[PDB]
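Worksheet: one structure, shown below.
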Amino acid sequence: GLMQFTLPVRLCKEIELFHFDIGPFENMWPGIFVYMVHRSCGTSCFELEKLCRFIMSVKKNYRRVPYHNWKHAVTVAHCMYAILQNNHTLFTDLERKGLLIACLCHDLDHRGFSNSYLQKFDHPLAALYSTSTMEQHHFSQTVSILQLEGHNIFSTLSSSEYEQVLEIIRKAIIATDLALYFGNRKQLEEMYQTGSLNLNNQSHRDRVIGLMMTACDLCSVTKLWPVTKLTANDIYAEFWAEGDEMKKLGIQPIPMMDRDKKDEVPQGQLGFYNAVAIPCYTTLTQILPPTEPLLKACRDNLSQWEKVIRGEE
Ligand SMILES: COc1cccc2[nH]c3c(=O)[nH]cnc3c12
Ligand SMILES: [Mg+2]
Ligand SMILES: [Zn+2]
C-alpha cells in the first residue's frame, strides 16, 4: 500500500497535459500506466502484483504493427487519464477503474487491418461477429486475460460491481468502432442542443463515455505538430499495407490506402479533421468544457495540414 510510483520531474509535470507524449522508452510505459491508475483511482483500486501481471499479459498480446501497438494502447489510456483528471467529480470510482483498463485493452491483438478488410478477406472473425468485428475480438481478448490465474485485478469487487465494470469496459471498447461514432455524436449534438442531455440517465452516460473513447482513440491529432506528423507516418504505414492486401484480393483500394497516391495524403487528412476529428472534440468540449485543449490542438494541427498542402512545408 505504501509503494507509490513516481516519474522524473519533466514527466511528472508534462503527464498532466493532454498533449503529453509517452516517449521512446518501452520499459517506462507500464510505470506511466500504473502512475496514472494510482492518481486517477487510488493506490487501493488494484492489488499491484495483479495489476503488473495484467499489464504485462496485455503488452504481450499487442502485436508489432506500425500504429495499432502497445504504444497506442498506453497513449490512448493517457488521454483518458487527462480527461478524467480535468473532470474529477463527474465519474464514479468504478468508471475511472473501468475506462483506463478499457483504453489499455481497446486494440488487443490488432493485426493492422480494418473491419472492412476482414469482411473482404472472409476472415473467421467476420463470421463470428458481423459488426464491430475487431472491437468484439478486443473485448473477448480482455475477458480472456482477466480469466488468467492471478490476473483478475477486479477480484475484490462485489458480484454486481464486477458485472457493471465489464459492461462499462464492453461498451467502451465497442465504441472505438468509428462506424458507430457518427450516429453517437449526432445524437449527443441533438441532446445537448435541445437541452435534454442528462448525466444521471445511464443510456446518456454510455453515449458520452463512447465519445470520450473516440476522443482518446484519435488523440494523435491533438499532439504538438512534430508528434502528430510522425504518428501519421505510422498510421499511413498500416493503411498502405492494407491497400496492398486489397490489391491481392483483386480490389483497387480507396486512394487514401494506396501507396502509389501518397500525394493525396494531405487532402486525405483535411477531410479526416473536417469530417471526424473537429466535430468529435467540438461535441466533446460542449459536454465536457475542461477538454477544450484537445479541440484547440486539433485546430492547430488542422492548420498545419493546410500549410502542408499550400506547399509551406
Ligand atoms: C485512425 O484514425 C486516425 C488518426 C489520425 C490520423 C488519421 N487519418 C485518417 C484517415 O485518413 N482515415 C481514417 N482514420 C484516420 C486517422
Ligand atoms: Mg481499434
Ligand atoms: Zn485504437
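Residue numbering restarts at 1 for every chain of the C-alpha cells, chains are lettered A, B, ... in their displayed order, and ligands are numbered from 1 as they appear.
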Which residues, written as a ChimeraX atom specification, have at least one atom at most 8 Å from segment 150-161 of chain A, with only C-alpha atoms counted and residues fewer than 6 positions away on the same chain left out?
/A:46-47,50-51,53-54,94
Take the residues from that selection and write them out as a PDB file, in the first residue's frame, keeping N, CA and C atoms.
```pdb
ATOM      1  N   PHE A  46      -6.464  -1.412  -7.072  1.00  0.00           N
ATOM      2  CA  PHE A  46      -5.948  -2.711  -7.578  1.00  0.00           C
ATOM      3  C   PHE A  46      -4.857  -3.220  -6.643  1.00  0.00           C
ATOM      4  N   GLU A  47      -4.691  -4.540  -6.592  1.00  0.00           N
ATOM      5  CA  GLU A  47      -3.521  -5.192  -5.952  1.00  0.00           C
ATOM      6  C   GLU A  47      -2.401  -5.160  -6.993  1.00  0.00           C
ATOM      7  N   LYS A  50      -1.163  -8.145  -9.016  1.00  0.00           N
ATOM      8  CA  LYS A  50      -2.196  -8.489 -10.038  1.00  0.00           C
ATOM      9  C   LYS A  50      -2.160  -7.474 -11.201  1.00  0.00           C
ATOM     10  N   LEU A  51      -2.150  -6.174 -10.912  1.00  0.00           N
ATOM     11  CA  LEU A  51      -2.190  -5.114 -11.955  1.00  0.00           C
ATOM     12  C   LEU A  51      -0.969  -5.256 -12.874  1.00  0.00           C
ATOM     13  N   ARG A  53       0.832  -7.878 -13.376  1.00  0.00           N
ATOM     14  CA  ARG A  53       0.758  -9.138 -14.156  1.00  0.00           C
ATOM     15  C   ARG A  53      -0.291  -8.980 -15.268  1.00  0.00           C
ATOM     16  N   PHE A  54      -1.340  -8.210 -15.038  1.00  0.00           N
ATOM     17  CA  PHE A  54      -2.320  -7.878 -16.101  1.00  0.00           C
ATOM     18  C   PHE A  54      -1.635  -7.088 -17.220  1.00  0.00           C
ATOM     19  N   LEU A  94     -15.812   3.349  -9.937  1.00  0.00           N
ATOM     20  CA  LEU A  94     -15.858   2.216 -10.899  1.00  0.00           C
ATOM     21  C   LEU A  94     -15.454   2.684 -12.299  1.00  0.00           C
TER      22      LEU A  94
END
```
Could you produce a table of the residues of chain A lying within 12 Å of ligand 2, with the nearest pair of atoms per residue and their separation in Å rounded to one decimal, using only C-alpha atoms and all ligand atoms, ordered by chain and increasing residue number, as CSV?
```
residue,atom,partner,partner_atom_place_in_ligand_line,distance
A:62,CA,ligand 2,1 (Mg),11.7
A:67,CA,ligand 2,1 (Mg),10.5
A:68,CA,ligand 2,1 (Mg),7.5
A:69,CA,ligand 2,1 (Mg),10.3
A:72,CA,ligand 2,1 (Mg),9.8
A:73,CA,ligand 2,1 (Mg),9.6
A:76,CA,ligand 2,1 (Mg),10.6
A:102,CA,ligand 2,1 (Mg),11.4
A:103,CA,ligand 2,1 (Mg),10.0
A:104,CA,ligand 2,1 (Mg),11.2
A:105,CA,ligand 2,1 (Mg),9.8
A:106,CA,ligand 2,1 (Mg),6.3
A:107,CA,ligand 2,1 (Mg),4.8
A:108,CA,ligand 2,1 (Mg),8.4
A:109,CA,ligand 2,1 (Mg),9.9
A:110,CA,ligand 2,1 (Mg),7.4
A:111,CA,ligand 2,1 (Mg),10.3
A:112,CA,ligand 2,1 (Mg),9.1
A:113,CA,ligand 2,1 (Mg),9.6
A:114,CA,ligand 2,1 (Mg),8.4
A:115,CA,ligand 2,1 (Mg),9.2
A:132,CA,ligand 2,1 (Mg),9.3
A:133,CA,ligand 2,1 (Mg),9.9
A:134,CA,ligand 2,1 (Mg),7.0
A:135,CA,ligand 2,1 (Mg),6.3
A:136,CA,ligand 2,1 (Mg),10.1
A:137,CA,ligand 2,1 (Mg),10.1
A:138,CA,ligand 2,1 (Mg),8.1
A:139,CA,ligand 2,1 (Mg),10.7
A:172,CA,ligand 2,1 (Mg),11.1
A:173,CA,ligand 2,1 (Mg),8.0
A:174,CA,ligand 2,1 (Mg),8.7
A:175,CA,ligand 2,1 (Mg),9.1
A:176,CA,ligand 2,1 (Mg),5.6
A:177,CA,ligand 2,1 (Mg),6.3
A:178,CA,ligand 2,1 (Mg),8.2
A:179,CA,ligand 2,1 (Mg),11.0
A:180,CA,ligand 2,1 (Mg),11.9
A:213,CA,ligand 2,1 (Mg),10.2
A:214,CA,ligand 2,1 (Mg),9.6
A:216,CA,ligand 2,1 (Mg),11.1
A:217,CA,ligand 2,1 (Mg),7.7
A:218,CA,ligand 2,1 (Mg),10.0
```
Any chance you could export the current selection's C-alpha atoms as an mmCIF file, in the first residue's frame?
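Result saved to part.cif:
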```cif
data_model
loop_
_atom_site.group_PDB
_atom_site.id
_atom_site.type_symbol
_atom_site.label_atom_id
_atom_site.label_comp_id
_atom_site.auth_asym_id
_atom_site.auth_seq_id
_atom_site.Cartn_x
_atom_site.Cartn_y
_atom_site.Cartn_z
ATOM 1 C CA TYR A 62 -0.417 -6.354 -28.647
ATOM 2 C CA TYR A 67 0.447 2.008 -35.363
ATOM 3 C CA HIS A 68 -2.031 -0.335 -33.524
ATOM 4 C CA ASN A 69 0.583 -1.470 -30.986
ATOM 5 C CA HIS A 72 -1.036 3.260 -28.976
ATOM 6 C CA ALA A 73 -2.694 1.426 -26.054
ATOM 7 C CA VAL A 76 -4.937 6.193 -25.547
ATOM 8 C CA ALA A 102 -10.728 -0.387 -21.469
ATOM 9 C CA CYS A 103 -8.288 2.101 -23.087
ATOM 10 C CA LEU A 104 -5.216 -0.060 -22.391
ATOM 11 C CA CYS A 105 -7.097 -3.132 -23.757
ATOM 12 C CA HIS A 106 -9.083 -1.435 -26.587
ATOM 13 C CA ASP A 107 -6.950 -2.667 -29.538
ATOM 14 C CA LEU A 108 -5.789 -6.016 -28.044
ATOM 15 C CA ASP A 109 -4.418 -8.383 -30.733
ATOM 16 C CA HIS A 110 -4.796 -5.826 -33.615
ATOM 17 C CA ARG A 111 -3.168 -7.078 -36.896
ATOM 18 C CA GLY A 112 -3.314 -3.560 -38.506
ATOM 19 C CA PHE A 113 -6.360 -4.234 -40.813
ATOM 20 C CA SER A 114 -9.815 -2.507 -40.808
ATOM 21 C CA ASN A 115 -13.023 -4.471 -40.070
ATOM 22 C CA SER A 132 -17.581 -4.077 -34.797
ATOM 23 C CA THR A 133 -15.576 -7.224 -35.805
ATOM 24 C CA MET A 134 -12.133 -6.355 -34.332
ATOM 25 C CA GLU A 135 -13.805 -4.495 -31.406
ATOM 26 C CA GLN A 136 -15.788 -7.630 -30.328
ATOM 27 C CA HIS A 137 -12.446 -9.558 -30.567
ATOM 28 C CA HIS A 138 -10.593 -6.902 -28.467
ATOM 29 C CA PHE A 139 -13.204 -7.135 -25.639
ATOM 30 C CA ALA A 172 -16.158 1.446 -24.048
ATOM 31 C CA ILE A 173 -14.264 -0.969 -26.363
ATOM 32 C CA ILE A 174 -17.178 -1.415 -28.836
ATOM 33 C CA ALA A 175 -17.437 2.439 -29.117
ATOM 34 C CA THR A 176 -13.865 2.613 -30.549
ATOM 35 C CA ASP A 177 -15.521 1.279 -33.760
ATOM 36 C CA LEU A 178 -15.522 4.572 -35.760
ATOM 37 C CA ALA A 179 -18.524 3.385 -37.912
ATOM 38 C CA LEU A 180 -20.562 3.794 -34.621
ATOM 39 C CA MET A 213 -13.376 6.735 -26.243
ATOM 40 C CA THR A 214 -13.375 8.136 -29.808
ATOM 41 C CA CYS A 216 -8.988 9.219 -26.673
ATOM 42 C CA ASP A 217 -8.616 6.902 -29.672
ATOM 43 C CA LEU A 218 -7.972 9.769 -32.159
#
```
One residue among A:280, A:227, A:127, A:74 is nearest to ligand 3 when using only C-alpha atoms and all ligand atoms, and that residue is A:74
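The space separating atom CA of residue 143 of chain A from atom CA of residue 48 of chain A comes to 19.0 Å.
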For a quick check of understanding, using only C-alpha atoms, which of A:2, A:60, A:83, A:75 has the smallest distance to residue 32 of chain A?
A:75
